[PDB]
Amino acid sequence: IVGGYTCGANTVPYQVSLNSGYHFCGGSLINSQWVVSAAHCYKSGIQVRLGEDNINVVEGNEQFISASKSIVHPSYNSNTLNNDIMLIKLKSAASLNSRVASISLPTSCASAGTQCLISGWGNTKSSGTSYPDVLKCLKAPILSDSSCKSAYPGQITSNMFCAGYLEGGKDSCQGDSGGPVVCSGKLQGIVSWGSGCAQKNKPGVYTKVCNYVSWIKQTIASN
Ligand SMILES: N=C(N)c1ccc(/N=N/Nc2ccc(C(=N)N)cc2)cc1
Ligand SMILES: [Ca+2]
């Protein structure tokens, strides 16, 4: 997260770190057994790390639970990043309370203008690289589809939305991928892609979670 702020330990209780020997992506806990992340975060041998603030220090609220399976969206296209969504099932149910909590799936797609909270342990620099230890947060509005498409001609599908700031300076970034965009207490987005980070007129592009609720629910119901 570029131009964000330190969330505060466990203030984003549904934020998970996907770990394969190191943090490589974010994810969002959507029930005790399931995490939503970006399909482009897919890899085998994922350990989901919940309860985590400083990802480099055991601070006492972590739950580390290996994935038992991952399910990449049937229509995920890694070239276009269309349908950049996956589900990761935990081998065991996470223990839920205030510091580790699922985030509700949306009942309806959020609108351009809605403020959201985007979070992750990704790069905090637009130029060069600095990875934070602790979870970073960014409040960012959903951008209109038109501005999103204008920013990224020929690239924005109905399964994507832009959020952030056209002026740049504030954005998700590499390592935030797969993490949440939560708006009004609902997971509306998944950190998906963008051209660099916090660049002018290159806002973050997010998987439009509301499009996937049926798929998420039915997948969970049968897996
Ligand atoms: N909001 C941003 N600017 C932004 C946020 C996250 C981000 N990271 N994604 N990285 C990323 C890495 C690999 C793939 C792939 N295997 N095809 C896709 C995307 C890149 C840009
Ligand atoms: Ca930790």
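Count residues from 1 along the sequence. Remember, it's 1-based here, ligands and their atoms both numbered in the order they're listed. What you see below is based on every heavy atom in this structure, not just the backbone, and it leaves out hydrogens, waters and symmetry mates.
Residue-to-ligand polar distances place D171 within reach of ligand 1: an N/O pair is separated by less than 3.5 Å. Ligand 1 has no N or O atom lying under 3.5 Å from any N or O atom of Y76, backbone or side chain.
The closest protein non-hydrogen atom to atom 20 (C) of ligand 1 is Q174 NE2, 3.2 Å. Of the protein's non-hydrogen atoms, the one nearest atom 2 (C) of ligand 1 is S172 O, 3.1 Å. Shortest contact from atom 11 (C) of ligand 1 to any protein heavy atom: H40 NE2, 3.4 Å.
A ring-centre distance under 6.0 Å is not found for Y206 and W193.
Counting heavy atoms closer than 4.0 Å to ligand 1, residue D84 contributes nothing at all. Under 4.0 angstrom from ligand 1, the non-hydrogen atoms of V191 all belong to its side chain. Residue-level proximity to ligand 1 for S177 is carried by the side chain, the only part with a heavy atom below 4.0 angstrom. At a heavy-atom cutoff of 4.0 Å, ligand 1 is contacted by no atom of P203, backbone or side chain. Residue contacts with ligand 1, taken as heavy atom pairs separated by less than 4.0 Å, involve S192 solely via the backbone atoms N, CA, C and O.
Remark: ligand 1 atoms within the under-4.0 Å shell around heavy atoms of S78 are 17 (N). Atoms of ligand 1 lying under 4.0 Å from at least one heavy atom of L81, given by number and element, are 17 (N), 18 (C). Heavy-atom contacts of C197 reach the following atoms of ligand 1: 3 (N) (cutoff under 4.0 Å). Less than 4.0 angstrom separates some heavy atom of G194 from each of these atoms of ligand 1: 2 (C), 3 (N), 4 (C), 20 (C), 21 (C). Close contacts of ligand 1 with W193, meaning ligand atoms under 4.0 Å from a residue heavy atom, involve 1 (N), 2 (C), 4 (C), 21 (C).
Side chains of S20 and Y22: a donor on one and an acceptor on the other come within 3.5 Å. No side-chain N or O of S158 forms a donor-acceptor pair with one of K208 less than 3.5 Å apart. No donor-acceptor contact under 3.5 angstrom links the side chains of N31 and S102, judged on distance only. Looking at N159 and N83, their side chains do bring a donor and an acceptor atom within 3.5 Å of each other.
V57 belongs to no hydrophobic cluster, as no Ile, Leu, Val, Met, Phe, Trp or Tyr side chain comes under 4.5 Å of its own. Hydrophobic side-chain contacts under 4.5 Å tie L166 into a cluster, directly or through other members, with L143.
For the pair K43 and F24, the cation-pi criterion (under 6.0 Å, within 45° of the ring axis) is fulfilled.
Taking CG from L135 and OG1 from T6, the interatomic distance works out to 8.5 Å, rounded to the nearest 0.5 Å.
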For this session: Before giving the answer on side chain to side chain donor-acceptor pair (under 3.5 Å), spell out for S119 and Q15 the whole-Å C-alpha distance, their side-chain angles and the decisive distance to 0.1 Å.
Result: CA-CA 7 Å; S119 51; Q15 168 85 230; 2.6 Å; yes

Problem set entry | Evaluation steps, side chain to side chain contact (heavy atoms under 4.5 Å, CB included), between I46 and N19 | CA-CA 6 Å; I46 296 181; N19 184 286; over 6 Å; no

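Pairs engaging residues 146-165 under the salt bridge (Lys or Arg N to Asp or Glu O under 4.0 Å) rule: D145-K149 [sequence neighbours left out].
Protein N/O/S atoms closer than 3.0 Å to the Ca ion (ligand 2): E52 OE1, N54 O, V57 O, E62 OE2.
Residue-ligand proximity: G196 is placed with a non-hydrogen atom under 4.0 Å from ligand 1.
At least one side-chain heavy atom of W121 sits under 4.5 Å from a side-chain heavy atom of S17.
Counting heavy-atom neighbours within 6.0 Å of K69 NZ, excluding the residue itself, gives a total above 12.
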